[PDB]
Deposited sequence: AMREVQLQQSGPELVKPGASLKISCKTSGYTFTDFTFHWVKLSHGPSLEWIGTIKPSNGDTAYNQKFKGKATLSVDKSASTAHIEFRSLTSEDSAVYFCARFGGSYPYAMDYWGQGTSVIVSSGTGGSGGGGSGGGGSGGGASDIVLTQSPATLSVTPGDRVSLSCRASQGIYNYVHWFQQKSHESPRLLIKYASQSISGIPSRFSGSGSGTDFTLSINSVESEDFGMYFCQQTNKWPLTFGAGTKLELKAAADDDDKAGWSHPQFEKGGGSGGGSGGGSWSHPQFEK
């Protein structure tokens, strides 16, 4: 049983520095790259960066380069992210995830997330277009979710479900590959620029946000999401 356990909720003053942690169990910590993801309103997901725990190599989203530093403590099997000069714009839920599993790897295990509050006191990036933005359906309807890439990315698309108060869950990797434990109603297709996630028959437990993600080019990017909701 693999687990990524994140440190507790934080509340800091503007201008402060903050280090948050991600500790692993059930597998060899140096096996897979660690990723940090920022959750903002929508919900919306942004990729901050990645660290390779075996050698400490990093790759950052340029938007976060002056803000966050990724590090690992191999002796403690713990990954860290340190923020500097925190502002109201940094208040968010931050997730850690590993990029592993059976080959080819994907963001398969995620931490529970860390809420960070910064208290007020007393261009060449791949664009992923998700449509329809909202799907209002009755359980039993068959649905299809689209993800259009700004340029050809072969089969480097992955699909995530995100339910309220929960961490993202990997549904499909590399456009069409099935994930262990994921129900058979979820399937994916496409290559190049047009990708589809199909849900054979929507269940009540499926309502939430669905995000596509590309991992062909730096920075890794997400679509804006499709909200799957119960028809009024």
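Asker: What are the missing stretches of the deposited sequence, listed from start to end?
Answerer: No coordinates exist for the deposited residues in 1-3, 126-141, 252-288, so these stretches are absent from the model.
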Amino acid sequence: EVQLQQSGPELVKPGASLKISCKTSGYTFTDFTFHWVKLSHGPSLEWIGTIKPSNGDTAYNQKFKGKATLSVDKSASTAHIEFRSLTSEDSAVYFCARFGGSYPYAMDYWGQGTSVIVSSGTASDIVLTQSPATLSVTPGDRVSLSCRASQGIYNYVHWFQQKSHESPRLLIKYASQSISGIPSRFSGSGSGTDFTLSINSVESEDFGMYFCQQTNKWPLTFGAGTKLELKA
From here on, numbers count along this sequence of modelled residues.
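Asker: Taking the recorded C-alpha temperature factors, which stretch has the higher mean, 208-216 or 14-22?
Answerer: The stretch with the larger average C-alpha B-factor is 14-22.
Asker: On average, which has the higher Cα B-factor in the deposited entry, 45-53 or 62-70?
Answerer: Mean CA B-factor is higher for 62-70.
Asker: Between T122, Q130, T114, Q161, let me know which has the highest C-alpha B-factor in the entry?
Answerer: Within the set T122, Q130, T114, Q161, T122 shows the top C-alpha B-factor.
Asker: Looking at the entry's B-factor column for C-alpha atoms only, identify whether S180 ranks in the lowest, middle or highest third of its chain.
Answerer: It falls in the top third of the chain.
Asker: In terms of the chain's CA B-factor thirds, is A79 lowest, middle or highest?
Answerer: Its C-alpha B-factor belongs to the lowest third of this chain's values.
Asker: Taking the C-alpha B-factors as the PDB entry records them, is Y109 in the lowest, middle or highest third of its chain?
Answerer: Bottom third by C-alpha B-factor.
Asker: Against its chain's modelled residues, does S189's Cα B factor rank lowest, middle or highest third?
Answerer: For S189, the deposited C-alpha B-factor lands in the middle third.
Asker: Rank-wise, by C-alpha B-factor, drop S40 into the lowest, middle or highest third of its chain.
Answerer: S40: CA B-factor falls in the middle third of its chain.
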